[PDB]
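Taking it in order: structure first as C-alpha cells, then the write-up.
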Amino acid sequence: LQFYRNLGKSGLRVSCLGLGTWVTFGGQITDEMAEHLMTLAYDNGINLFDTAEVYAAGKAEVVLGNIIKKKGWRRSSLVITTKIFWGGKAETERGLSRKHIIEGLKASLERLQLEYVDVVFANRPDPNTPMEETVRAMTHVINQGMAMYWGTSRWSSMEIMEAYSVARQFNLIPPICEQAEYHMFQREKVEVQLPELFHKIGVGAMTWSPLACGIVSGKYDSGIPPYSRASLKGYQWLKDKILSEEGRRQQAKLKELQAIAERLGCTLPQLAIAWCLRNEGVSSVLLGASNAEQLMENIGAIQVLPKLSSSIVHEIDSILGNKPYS
Amino acid sequence: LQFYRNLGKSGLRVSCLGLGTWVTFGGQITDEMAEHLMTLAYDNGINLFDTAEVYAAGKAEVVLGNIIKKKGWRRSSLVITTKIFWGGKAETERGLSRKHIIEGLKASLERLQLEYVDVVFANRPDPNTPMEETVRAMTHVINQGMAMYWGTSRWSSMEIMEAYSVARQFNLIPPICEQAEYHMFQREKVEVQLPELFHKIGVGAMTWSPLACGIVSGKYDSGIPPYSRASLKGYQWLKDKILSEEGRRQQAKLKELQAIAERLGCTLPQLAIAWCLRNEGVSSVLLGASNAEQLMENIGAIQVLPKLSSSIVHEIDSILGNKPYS
Amino acid sequence: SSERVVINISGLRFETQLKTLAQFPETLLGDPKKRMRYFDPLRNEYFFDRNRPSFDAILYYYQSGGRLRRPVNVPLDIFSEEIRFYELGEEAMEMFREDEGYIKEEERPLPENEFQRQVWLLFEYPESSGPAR
Amino acid sequence: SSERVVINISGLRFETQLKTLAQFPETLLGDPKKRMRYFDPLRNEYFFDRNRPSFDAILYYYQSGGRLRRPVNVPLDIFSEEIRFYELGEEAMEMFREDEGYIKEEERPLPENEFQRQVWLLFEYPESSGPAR
Ligand SMILES: NC(=O)c1ccc[n+]([C@@H]2O[C@H](COP(=O)([O-])OP(=O)(O)OC[C@H]3O[C@@H](n4cnc5c(N)ncnc54)[C@H](OP(=O)(O)O)[C@@H]3O)[C@@H](O)[C@H]2O)c1
Ligand SMILES: NC(=O)c1ccc[n+]([C@@H]2O[C@H](COP(=O)([O-])OP(=O)(O)OC[C@H]3O[C@@H](n4cnc5c(N)ncnc54)[C@H](OP(=O)(O)O)[C@@H]3O)[C@@H](O)[C@H]2O)c1
C-alpha cells in the first residue's frame with residue numbers, strides 16, 4: 001500500500017519498484033528509448049535506478065548518466081545504484097579487493113557523470129578477498145563521499161552476517177541491503193534465509209528479475225517471439241531454458257496462474273511483480289523493460305498488491321508447488 | 001551578566017541572544033532591511049545567526065549568505081547555524097537519513113556561499129531513520145569540514161540521550177545542543193527535561209520563539225495589527241491562536257505581566273526575553289525581528305536579566321500559573 | 001556453524017560458537033526465534049538483564065553437552081529459576097534436582113470412586129477432615 | 001525505560017536497564033540526583049571506586065525485585081557497608097540481618113521516674129554502679 005519504503009532498516013527511502021538497465025541500456029534499446037523509459041518512470045514516482053559496471057561493458061552507466069544530465073533532475077530526488085565485480089579483462093580488474101572496489105566505483109562514477117551513487121553493491125561474493133578488506137573498502141568509499149551506502153549482491157546469509165559482524169568488530173559500516181534474485185521460480189533465499197537478517201540486523205532485500213527475464217510474463221507460451229530477450233544474440237542460454245523440459249513445465253504453470261491474474265483483474269506481469277512485494281522483507285523490485293508499453297503495464301503491479309490475500313497466496317503456492325520449507 | 005556563554009558545555013561561545021531568519025529573511029522583509037538587522041546585531045556583539053533549509057524555500061539562507069559576503073565580516077567572528085529536515089518535495093529530500101543530511105547541508109552551504117556552518121541541526125526527530133545513521137551522518141559532515149558541531153531540534157530528552165549513547169558506542173560525535181521552543185507559555189521541556197541533560201551530558205539549549213512569534217510582546221492586546229506576523233498571508237493559524245479562547249487568556253495574563261515589566265523598568269518583550277535566560281541551562285535565545293526598532297528594543301533584555309530575583313520569578317510564575325512540576 | 005555469538009549477561013561478556021548453542025534447539029538460546037528478542041544489533045550481542053553467576057553453568061551445559069552443575073556460590077532457588085528461564089527443559093531440570101538431592105515423590109494413587117475417596121481421606125489424612133483428625 | 005545503564009565497579013563492568021533501577025527510587029542508583037555525581041560523560045557510565053564482589057548482590061537486588069543475599073565470599077561487615085552505601089534502605093537492611101541470623105533486641109523499657117531508674121539500675125545492672133556490683 002505504501003509506494004515508498006525504507007531500504008531495509010536504513011533511512012534510505014526507495015519506491016517499491018525500481019528500473020534496472022541490464023541488457024537494455026546501451027545494448028538492446030536505443031538511447032532515445034532509454035531516456036523515454038527513465039522519464040516515464042521518474043514521472044511515475046520511481047526514484048530507484050540500478051546499473052552495474054558490467055552491463056554492456058560500461059555503456060549502461062554512460063547512457064543512464066547522460067539521461068540524468070540531460071533531464072536535469074535534482075540529484076537528491078534520485079537513488080542511483082551500481083554493482084561492482086567484473087570491471088576488466090585484467091586480473092586486478094575483478095573482485096572485491098580494495099583496489100577494485102575503489103577503482104571500479106571511481107570509473108563507474110566517471111561514466112555516470114555523477115559525484116556518487118546512493119548504494120554501491122558487491123555484485124557477487126568474493127572467496128579470494130578477506131571480508132575485512134571488502135568491508136573496509138566499502139566503508140572507505142562511503143567516507144570519501146563516493147557512495148551513501150553499500151550492499152551485497154548474491155551473497156549468502158552467512159556471508160552477509162559475516163560482513164555485519166566484521167563491520168561491528170572494526171567499527172565499520174555494515175551493508176544495508178542484499179540484491180537477490182526473486183520470482184515465482186526462485187523463492188528460496190528470500191523466503192527462507194533473508195527474513196532473519198531483515199529482523200536481526202536490518203538488511204533488506206532489493207530483488208531482481210521479477211519476471212525471470214521475461215519468462216514469467218507469459219510471452220513465451222507459444223515459442224520465442226522475435227525481438228524478445230530470448231532471441232537476442234548472446235542470450236541463447238535463456239532460449240535453451242525456455243524450451244527445456246523445465247521451461248515447458250514453467251510455461252504450463254503460468255497458464256494456471258493466468259486464471260489468478262484474471263480473478264485479480266490484472267495481467268500476469270503485474271501479478272508476478274506484486275507477488276514479489278507481498279512480504280515486508282522485500283524493499284523494492286528492480287524491473288526490466290525494453291519498451292514503454294512494458295513499463296507502463298508493470299507499474300500497475302502496485303494496484304494488485306492489496307489483493308494478495310493469504311488465500312490467493314496459498315492458491316498460487318499450490319499452483320507453483322515450490323513453496324520453500326522454512 | 002555575561003553576554004557570551006558556552007553553547008552547552010562545548011567550547012563554542014555564543015552571545016546569549018542570536019538572530020533568527022524564520023518568516024523574515026527572503027520573506028516578510030526586504031533584503032535591505034535584513035542587512036540592516038544583521039548589521040545592527042553584529043555591531044552589538046551578537047555573533048549567532050540561525051537559519052534553515054526550509055525558511056522561504058531556501059531564500060533565507062541566500063539572503064543571510066549575501067549579507068555576510070557583502071559586509072566582509074571575518075568568518076571566524078560569526079557562528080552560523082542551519083537546521084535540516086524538509087529539503088524538497090521529493091521523498092528523499094526530507095528526514096535525517098545520511099543522504100538528506102549530506103545533500104541538504106551541502107545545498108544550504110551553497111546558498112549561504114559558505115564553506116561550512118558552525119552548528120548543523122536536525123530540524124526535528126526522524127522516526128524513520130536509525131539513530132546510528134543520523135549520528136554517523138552528522139559526524140561525517142563535521143569530519144568533512146562542512147560543520148563544526150551538530151545539534152538536535154525538537155527532540156525529546158530520550159532521543160537526545162540515545163544520540164549521545166549511540167555516539168559513545170561507535171566513537172562518533174555527540175550533539176552539543178537542542179534547539180527548543182521556549183517562552184512563558186511553553187516551559188515544560190526546558191524547565192523539566194533538558195536540565196538533566198545539561199548537567200549529565202553537557203547538552204545545552206538554544207531556545208526559539210521567545211515571544212511566541214510576537215504573542216508575548218503585548219502588541220496583540222487589542223486585535224491583530226496590520227503588517228504583524230499574525231496578519232501575513234500564510235500565518236492565519238497564528239491568527240486563529242491569538243483570537244482563540246486560550247489566546248484571550250494569554251493576552252489577559254500579559255496585562256498582569258506588564259506591571260512586572262514596569263517594576264523592572266523594562267518593556268514586556270525585554271522581560272520575556274530575559275526570563276528565557278534566567279536559567280543556566282539556556283545558552284542562547286534566538287530572536288526574531290521584522291524591523292530595526294524591534295531588534296534594538298529586544299537587545300535591551302540583557303539589562304533586565306540581573307533583576308530577575310527569585311521573588312520576581314515567583315511572582316511571574318503565579319501570574320502565569322503554569323510552572324511545570326519537576 | 002562456528003560463527004561466534006556474544007551473550008552479555010548484565011555486563012558480563014560471554015562468547016561461544018553458534019553450533020554450541022544449536023546443539024539444543026528447544027532452549028531459549030538454541031532457538032533463533034526465542035533469542036531474537038534479546039539481540040542488540042548495535043553491538044552484535046544478545047543482552048540479558050539477569051543474574052550473572054548462574055550463567056557459566058548455563059553455558060557450560062551447552063559446551064559440556066549436557067552437564068548442568070549449579071555453581072557452589074549460587075542459591076538453588078535462584079539457579080533453578082535461571083534454568084527455567086533459559087528453557088533448558090524438564091529433563092535437565094529433573095536430573096539437576098536429582099543430583100541436587102531432591103527425589104520426585106511422583107503422585108499418590110486416587111480412589112476415583114466417591115466413596116473410597118470419602119473414606120480413605122479420613123483414615124490416612126487427619127488433614128482431610130476435622131473428623132479425620 | 002529500557003535505556004541501558006552501565007555501572008563500572010572498580011573496573012568490573014555491569015549493565016542493566018534504567019527501569020530496573022527506577023524500581024527503587026529512594027536508593028542511590030535509583031535516584032538520578034544521587035547517582036549524577038558518579039557519572040562519567042566521556043564513557044557513558046557511572047563509576048564507583050568500591051568493592052567489586054559485593055555488587056552482583058546489589059544489582060540482583062534490583063533485578064530480583066527485592067532479594068538481597070550476601071555473596072558467600074563476602075564478609076558480612078563489608079557487605080553491610082556496601083548496602084549502606086547504595087542506600088538500599090532500612091527495610092532491606094533489616095531483612096538482610098534477620099536472614100543473616102541477627103535478631104533485633106529492640107529497646108529496653110525505661111523508668112523515666114528518677115527514683116526507679118536510680119534503683120532499677122543497681123538491681124539489674126551490676127554494671128550501673130560499683131555499688132550495683
Ligand atoms: N544483482 C544482480 O546480480 C542482478 C542480476 C541481474 C539483474 N539485476 C537487476 O535487475 C534488473 C531487472 O532484471 P531483469 O531485466 O531480468 O528483469 P525481469 O523483470 O525479469 O525481465 C525484464 C524483461 O522482460 C521483458 N518484459 C518486461 N515486462 C514485460 C511485459 N509487460 N510484457 C512482456 N515482456 C516484458 C522485457 O524483455 P524483452 O522485451 O526483451 O523480451 C524486459 O527486458 C536489471 O536491469 C538489473 O538492474 C541485478
Ligand atoms: N528549531 C526550530 O524548529 C525553530 C522553529 C521556529 C523558529 N526557530 C528560530 O528561532 C528564531 C526566532 O523565532 P521567532 O521569530 O518565532 O521569534 P519571536 O521572538 O517569538 O517572534 C519574533 C517576531 O515577533 C515580533 N516582534 C519581535 N520583537 C518585537 C517587539 N519588540 N515589538 C513588537 N513585535 C516584536 C516580530 O513580528 P512582526 O513584527 O511581524 O509582528 C518578529 O518577527 C527564528 O527566526 C529561527 O531562527 C527555530
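A note on labels: chains of the C-alpha cells are A, B, ... as shown, every chain counts residues from 1, and ligands are counted from 1 in their shown order.
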
**Prompt:** Which of range 37-124 of chain D counts as alpha helix (DSSP H) under DSSP, as a PyMOL selection string please?
**Reply:** chain D and resi 55-64+76-85+90-99+114-124

**Request:** Extract, using only C-alpha atoms, all DNA, RNA and protein residues at most 10 Å from residue 88 in chain C, discarding same-chain residues fewer than 4 positions from it, and format them as a PyMOL selection string.
**Result:** chain C and resi 24-30+58+61-62+66+68+82-84+92-93

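Those residues of chain C that fall within 9 Å of chain A when using only C-alpha atoms read residues 3, 32, 33, 36, 39, 40, 41, 42, 43 and 44 of chain C.
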
Shell of 10 Å around residue 229 in chain A, only C-alpha atoms, local chain residues under 4 positions omitted, as a PDB file with N, CA, C and O atoms, in the first residue's frame:
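Output contents, as saved in result-v4.pdb:
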```pdb
ATOM      1  N   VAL A  23      20.966  -5.618 -19.886  1.00  0.00           N
ATOM      2  CA  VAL A  23      20.567  -5.994 -21.217  1.00  0.00           C
ATOM      3  C   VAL A  23      20.107  -4.796 -22.077  1.00  0.00           C
ATOM      4  O   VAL A  23      20.590  -4.581 -23.193  1.00  0.00           O
ATOM      5  N   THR A  24      19.192  -4.014 -21.547  1.00  0.00           N
ATOM      6  CA  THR A  24      18.651  -2.882 -22.280  1.00  0.00           C
ATOM      7  C   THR A  24      19.520  -1.674 -22.597  1.00  0.00           C
ATOM      8  O   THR A  24      19.884  -1.460 -23.762  1.00  0.00           O
ATOM      9  N   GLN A  28      20.360  -3.485 -25.943  1.00  0.00           N
ATOM     10  CA  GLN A  28      19.214  -3.816 -26.771  1.00  0.00           C
ATOM     11  C   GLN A  28      18.364  -2.642 -27.249  1.00  0.00           C
ATOM     12  O   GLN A  28      17.785  -2.689 -28.319  1.00  0.00           O
ATOM     13  N   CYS A 213      13.461 -12.670 -16.363  1.00  0.00           N
ATOM     14  CA  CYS A 213      13.911 -12.169 -17.661  1.00  0.00           C
ATOM     15  C   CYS A 213      12.851 -12.154 -18.730  1.00  0.00           C
ATOM     16  O   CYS A 213      13.176 -12.060 -19.905  1.00  0.00           O
ATOM     17  N   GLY A 214      11.602 -12.246 -18.334  1.00  0.00           N
ATOM     18  CA  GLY A 214      10.527 -12.259 -19.295  1.00  0.00           C
ATOM     19  C   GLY A 214       9.771 -13.575 -19.297  1.00  0.00           C
ATOM     20  O   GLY A 214       8.630 -13.634 -19.750  1.00  0.00           O
ATOM     21  N   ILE A 215      10.401 -14.631 -18.787  1.00  0.00           N
ATOM     22  CA  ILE A 215       9.793 -15.947 -18.719  1.00  0.00           C
ATOM     23  C   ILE A 215       8.457 -15.949 -18.009  1.00  0.00           C
ATOM     24  O   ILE A 215       7.536 -16.610 -18.444  1.00  0.00           O
ATOM     25  N   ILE A 224       9.496 -18.692 -29.014  1.00  0.00           N
ATOM     26  CA  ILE A 224      10.294 -17.495 -28.835  1.00  0.00           C
ATOM     27  C   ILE A 224       9.945 -16.332 -29.784  1.00  0.00           C
ATOM     28  O   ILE A 224      10.345 -16.302 -30.945  1.00  0.00           O
ATOM     29  N   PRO A 225       9.207 -15.338 -29.289  1.00  0.00           N
ATOM     30  CA  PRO A 225       8.848 -14.212 -30.150  1.00  0.00           C
ATOM     31  C   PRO A 225      10.055 -13.486 -30.724  1.00  0.00           C
ATOM     32  O   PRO A 225      11.155 -13.572 -30.185  1.00  0.00           O
ATOM     33  N   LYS A 233      21.093 -11.955 -29.655  1.00  0.00           N
ATOM     34  CA  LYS A 233      22.377 -12.574 -29.845  1.00  0.00           C
ATOM     35  C   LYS A 233      23.046 -12.485 -28.505  1.00  0.00           C
ATOM     36  O   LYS A 233      23.132 -11.404 -27.959  1.00  0.00           O
ATOM     37  N   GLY A 234      23.492 -13.609 -27.966  1.00  0.00           N
ATOM     38  CA  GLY A 234      24.147 -13.611 -26.673  1.00  0.00           C
ATOM     39  C   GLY A 234      23.284 -14.160 -25.555  1.00  0.00           C
ATOM     40  O   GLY A 234      23.751 -14.363 -24.451  1.00  0.00           O
ATOM     41  N   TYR A 235      22.023 -14.354 -25.854  1.00  0.00           N
ATOM     42  CA  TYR A 235      21.065 -14.781 -24.866  1.00  0.00           C
ATOM     43  C   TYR A 235      20.459 -16.113 -25.223  1.00  0.00           C
ATOM     44  O   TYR A 235      19.343 -16.391 -24.897  1.00  0.00           O
ATOM     45  N   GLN A 236      21.229 -16.942 -25.895  1.00  0.00           N
ATOM     46  CA  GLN A 236      20.780 -18.266 -26.257  1.00  0.00           C
ATOM     47  C   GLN A 236      20.479 -19.048 -25.024  1.00  0.00           C
ATOM     48  O   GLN A 236      19.507 -19.764 -24.960  1.00  0.00           O
ATOM     49  N   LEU A 238      19.241 -18.340 -22.348  1.00  0.00           N
ATOM     50  CA  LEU A 238      17.878 -18.122 -21.947  1.00  0.00           C
ATOM     51  C   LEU A 238      17.002 -18.947 -22.837  1.00  0.00           C
ATOM     52  O   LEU A 238      16.056 -19.555 -22.391  1.00  0.00           O
ATOM     53  N   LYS A 239      17.316 -18.972 -24.114  1.00  0.00           N
ATOM     54  CA  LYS A 239      16.473 -19.672 -25.056  1.00  0.00           C
ATOM     55  C   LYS A 239      16.460 -21.133 -24.740  1.00  0.00           C
ATOM     56  O   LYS A 239      15.466 -21.790 -24.885  1.00  0.00           O
ATOM     57  N   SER A 290      12.045  -3.300 -22.153  1.00  0.00           N
ATOM     58  CA  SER A 290      12.670  -2.958 -23.419  1.00  0.00           C
ATOM     59  C   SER A 290      11.873  -1.938 -24.200  1.00  0.00           C
ATOM     60  O   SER A 290      12.314  -1.499 -25.250  1.00  0.00           O
TER      61      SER A 290
END
```

**Request:** For chain A, work out the contacting residues on chain B at 8 Å, counting only C-alpha atoms, and write them as a list in words.
**Result:**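 My answer is residues 90, 91, 92, 93, 96, 97, 98, 99, 100, 103, 128, 129, 130, 133, 140 and 170 of chain B.
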
**Message:** Near chain D, meaning an atom within 8 Å, which residues of chain C appear when counting only C-alpha atoms? Write them as a list in words.
**Reply:** residues 10, 11, 12, 49, 50, 51, 52 and 73 of chain C

Using N, CA and C atoms, can you export the residues from the last selection as a PDB file, in the first residue's frame?
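In the end it all went to out_26.pdb:
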```
ATOM      1  N   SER C  10      24.101  -9.003  31.947  1.00  0.00           N
ATOM      2  CA  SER C  10      24.247  -7.869  32.831  1.00  0.00           C
ATOM      3  C   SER C  10      25.630  -7.261  32.848  1.00  0.00           C
ATOM      4  N   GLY C  11      26.250  -7.200  31.665  1.00  0.00           N
ATOM      5  CA  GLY C  11      27.568  -6.630  31.506  1.00  0.00           C
ATOM      6  C   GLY C  11      28.670  -7.651  31.422  1.00  0.00           C
ATOM      7  N   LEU C  12      28.462  -8.842  31.970  1.00  0.00           N
ATOM      8  CA  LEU C  12      29.491  -9.860  31.943  1.00  0.00           C
ATOM      9  C   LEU C  12      29.413 -10.490  30.573  1.00  0.00           C
ATOM     10  N   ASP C  49      19.349  -9.080  31.157  1.00  0.00           N
ATOM     11  CA  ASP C  49      19.451  -8.319  32.379  1.00  0.00           C
ATOM     12  C   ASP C  49      19.164  -9.231  33.536  1.00  0.00           C
ATOM     13  N   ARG C  50      20.061 -10.178  33.762  1.00  0.00           N
ATOM     14  CA  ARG C  50      19.819 -11.325  34.610  1.00  0.00           C
ATOM     15  C   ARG C  50      21.016 -11.643  35.470  1.00  0.00           C
ATOM     16  N   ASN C  51      20.800 -12.506  36.447  1.00  0.00           N
ATOM     17  CA  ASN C  51      21.801 -12.909  37.401  1.00  0.00           C
ATOM     18  C   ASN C  51      23.008 -13.383  36.642  1.00  0.00           C
ATOM     19  N   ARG C  52      24.166 -12.875  37.046  1.00  0.00           N
ATOM     20  CA  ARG C  52      25.463 -13.176  36.480  1.00  0.00           C
ATOM     21  C   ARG C  52      26.142 -14.492  36.799  1.00  0.00           C
ATOM     22  N   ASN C  73      28.481 -21.150  44.536  1.00  0.00           N
ATOM     23  CA  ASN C  73      28.156 -19.873  45.100  1.00  0.00           C
ATOM     24  C   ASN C  73      26.750 -19.427  44.839  1.00  0.00           C
TER      25      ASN C  73
END
```

**Request:** For CA of residue 310 in chain A and CA of residue 8 in chain A, determine how far apart the two atoms are, in Å to one decimal place.
**Result:** 23.4 Å

**Request:** Residues within 6 Å of ligand 2 should be enumerated using only C-alpha atoms and all ligand atoms and returned as a ChimeraX atom specification.
**Result:** /B:20-22,50-51,123,153,179,208-214,217,219,228-229,269,286-290,294,297-298

Keeping only N, CA and C atoms, write those residues as a PDB file, in the first residue's frame.
```pdb
ATOM      1  N   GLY B  20      17.438  35.068  14.396  1.00  0.00           N
ATOM      2  CA  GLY B  20      16.965  34.036  13.517  1.00  0.00           C
ATOM      3  C   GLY B  20      16.463  34.665  12.247  1.00  0.00           C
ATOM      4  N   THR B  21      16.085  33.846  11.290  1.00  0.00           N
ATOM      5  CA  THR B  21      15.660  34.340   9.990  1.00  0.00           C
ATOM      6  C   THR B  21      14.358  33.740   9.517  1.00  0.00           C
ATOM      7  N   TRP B  22      13.650  33.024  10.393  1.00  0.00           N
ATOM      8  CA  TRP B  22      12.374  32.416  10.030  1.00  0.00           C
ATOM      9  C   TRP B  22      11.326  33.524   9.799  1.00  0.00           C
ATOM     10  N   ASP B  50      20.801  32.141  13.040  1.00  0.00           N
ATOM     11  CA  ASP B  50      20.231  30.857  12.760  1.00  0.00           C
ATOM     12  C   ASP B  50      19.299  30.854  11.571  1.00  0.00           C
ATOM     13  N   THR B  51      19.408  29.815  10.772  1.00  0.00           N
ATOM     14  CA  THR B  51      18.585  29.741   9.593  1.00  0.00           C
ATOM     15  C   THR B  51      18.233  28.285   9.356  1.00  0.00           C
ATOM     16  N   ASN B 123      16.349  19.350  12.237  1.00  0.00           N
ATOM     17  CA  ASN B 123      15.236  20.238  12.478  1.00  0.00           C
ATOM     18  C   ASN B 123      14.116  19.610  13.248  1.00  0.00           C
ATOM     19  N   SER B 153      17.006  19.550  17.034  1.00  0.00           N
ATOM     20  CA  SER B 153      15.930  20.451  17.264  1.00  0.00           C
ATOM     21  C   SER B 153      14.692  19.655  17.504  1.00  0.00           C
ATOM     22  N   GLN B 179      17.664  22.660  20.153  1.00  0.00           N
ATOM     23  CA  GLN B 179      17.020  23.939  19.848  1.00  0.00           C
ATOM     24  C   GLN B 179      15.568  23.791  20.237  1.00  0.00           C
ATOM     25  N   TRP B 208      14.044  28.995  20.893  1.00  0.00           N
ATOM     26  CA  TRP B 208      13.425  29.816  19.849  1.00  0.00           C
ATOM     27  C   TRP B 208      12.044  30.358  20.219  1.00  0.00           C
ATOM     28  N   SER B 209      11.575  31.317  19.419  1.00  0.00           N
ATOM     29  CA  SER B 209      10.297  31.990  19.633  1.00  0.00           C
ATOM     30  C   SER B 209      10.131  32.470  21.055  1.00  0.00           C
ATOM     31  N   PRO B 210      11.098  33.204  21.564  1.00  0.00           N
ATOM     32  CA  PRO B 210      10.934  33.670  22.945  1.00  0.00           C
ATOM     33  C   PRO B 210       9.730  34.613  23.120  1.00  0.00           C
ATOM     34  N   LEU B 211       9.162  35.143  22.036  1.00  0.00           N
ATOM     35  CA  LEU B 211       7.980  35.997  22.174  1.00  0.00           C
ATOM     36  C   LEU B 211       6.759  35.286  21.621  1.00  0.00           C
ATOM     37  N   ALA B 212       6.893  33.983  21.470  1.00  0.00           N
ATOM     38  CA  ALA B 212       5.862  33.128  20.921  1.00  0.00           C
ATOM     39  C   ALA B 212       5.342  33.762  19.633  1.00  0.00           C
ATOM     40  N   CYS B 213       6.288  34.134  18.765  1.00  0.00           N
ATOM     41  CA  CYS B 213       6.036  34.747  17.461  1.00  0.00           C
ATOM     42  C   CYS B 213       5.475  36.143  17.521  1.00  0.00           C
ATOM     43  N   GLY B 214       5.592  36.784  18.661  1.00  0.00           N
ATOM     44  CA  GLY B 214       5.064  38.117  18.810  1.00  0.00           C
ATOM     45  C   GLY B 214       3.936  38.182  19.823  1.00  0.00           C
ATOM     46  N   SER B 217       4.650  39.819  23.079  1.00  0.00           N
ATOM     47  CA  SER B 217       5.085  41.213  23.021  1.00  0.00           C
ATOM     48  C   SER B 217       4.089  42.178  23.580  1.00  0.00           C
ATOM     49  N   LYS B 219       1.788  43.336  21.711  1.00  0.00           N
ATOM     50  CA  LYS B 219       1.228  44.015  20.559  1.00  0.00           C
ATOM     51  C   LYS B 219      -0.154  43.544  20.130  1.00  0.00           C
ATOM     52  N   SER B 228       1.497  42.777  11.038  1.00  0.00           N
ATOM     53  CA  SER B 228       2.022  41.977  12.133  1.00  0.00           C
ATOM     54  C   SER B 228       2.121  40.562  11.583  1.00  0.00           C
ATOM     55  N   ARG B 229       2.943  39.713  12.176  1.00  0.00           N
ATOM     56  CA  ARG B 229       3.057  38.369  11.651  1.00  0.00           C
ATOM     57  C   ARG B 229       1.699  37.696  11.578  1.00  0.00           C
ATOM     58  N   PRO B 269       8.598  42.841  25.918  1.00  0.00           N
ATOM     59  CA  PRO B 269       9.488  42.000  25.119  1.00  0.00           C
ATOM     60  C   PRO B 269      10.833  41.797  25.844  1.00  0.00           C
ATOM     61  N   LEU B 286      17.178  32.742  20.476  1.00  0.00           N
ATOM     62  CA  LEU B 286      17.170  33.208  19.114  1.00  0.00           C
ATOM     63  C   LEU B 286      16.021  34.198  18.947  1.00  0.00           C
ATOM     64  N   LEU B 287      16.320  35.452  18.620  1.00  0.00           N
ATOM     65  CA  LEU B 287      15.276  36.435  18.439  1.00  0.00           C
ATOM     66  C   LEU B 287      14.771  36.528  17.021  1.00  0.00           C
ATOM     67  N   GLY B 288      13.572  37.062  16.867  1.00  0.00           N
ATOM     68  CA  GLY B 288      13.004  37.278  15.556  1.00  0.00           C
ATOM     69  C   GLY B 288      12.713  38.768  15.498  1.00  0.00           C
ATOM     70  N   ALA B 289      12.793  39.397  14.327  1.00  0.00           N
ATOM     71  CA  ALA B 289      12.555  40.816  14.242  1.00  0.00           C
ATOM     72  C   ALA B 289      12.247  41.196  12.824  1.00  0.00           C
ATOM     73  N   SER B 290      11.196  41.981  12.629  1.00  0.00           N
ATOM     74  CA  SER B 290      10.828  42.390  11.285  1.00  0.00           C
ATOM     75  C   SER B 290      11.276  43.798  10.965  1.00  0.00           C
ATOM     76  N   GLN B 294      12.395  46.878  16.643  1.00  0.00           N
ATOM     77  CA  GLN B 294      12.207  45.683  17.455  1.00  0.00           C
ATOM     78  C   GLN B 294      13.526  45.110  17.957  1.00  0.00           C
ATOM     79  N   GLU B 297      15.142  47.162  20.674  1.00  0.00           N
ATOM     80  CA  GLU B 297      14.450  47.060  21.941  1.00  0.00           C
ATOM     81  C   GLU B 297      14.761  45.714  22.600  1.00  0.00           C
ATOM     82  N   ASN B 298      14.635  44.639  21.844  1.00  0.00           N
ATOM     83  CA  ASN B 298      14.844  43.294  22.354  1.00  0.00           C
ATOM     84  C   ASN B 298      16.231  43.080  22.923  1.00  0.00           C
TER      85      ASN B 298
END
```

**Prompt:** Using only C-alpha atoms, which residues sit within 10 Å of residue 253 in chain B once same-chain residues fewer than 5 positions away are excluded, as a count of residues only?
**Reply:** 8

**Contacts of residue 263 in chain B at 12 Å (only C-alpha atoms; same-chain gap of 3+ positions) as a count of residues only** = 14

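By chain and then residue number, the residues within 10 Å of residue 152 in chain B are residues 83, 84, 119, 120, 121, 122, 123, 124, 125, 159, 160, 163, 175, 176, 177, 178, 179, 180, 203, 205 and 206 of chain B, counting only C-alpha atoms and disregarding those fewer than 5 positions away in sequence.
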
**Prompt:** Which parts of chain C does DSSP call strand (DSSP E or B) when run on the backbone here, written out as a list in words?
**Reply:** residues 4, 5, 6, 7, 8, 9, 12, 13, 14, 15, 16, 17, 39, 40, 45, 46, 47 and 48 of chain C

**Message:** I'd like the interatomic distance between CA of residue 125 in chain C and CA of residue 103 in chain C, to a tenth of an Å.
**Reply:**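 Distance reported for this atom pair: 22.1 Å.
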
**Shell around range 34-43 of chain B at 7 Å using only C-alpha atoms, local window under 6 positions removed, as a list in words** =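 Near neighbours after the sequence-gap exclusion: residues 25, 67 and 292 of chain B.
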
Could you write out the selected residues, including N, CA and C atoms, as a JSON list (two decimals), in the first residue's frame?
```json
[["chain", "number", "residue", "atom", "x", "y", "z"],
["B", 25, "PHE", "N", 13.64, 36.88, 6.71],
["B", 25, "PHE", "CA", 14.59, 36.87, 5.59],
["B", 25, "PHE", "C", 14.08, 36.18, 4.35],
["B", 67, "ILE", "N", 24.41, 38.93, 2.72],
["B", 67, "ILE", "CA", 24.83, 39.95, 3.65],
["B", 67, "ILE", "C", 26.24, 39.67, 4.18],
["B", 292, "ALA", "N", 14.19, 47.21, 12.53],
["B", 292, "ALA", "CA", 15.28, 47.60, 13.41],
["B", 292, "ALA", "C", 14.88, 48.04, 14.80]]
```

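Nearest to ligand 1 of all the residues A:186, A:270, A:157, A:222 is A:270, based on only C-alpha atoms and all ligand atoms.
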
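CA of residue 70 in chain C lies 17.5 Å from CA of residue 70 in chain D.
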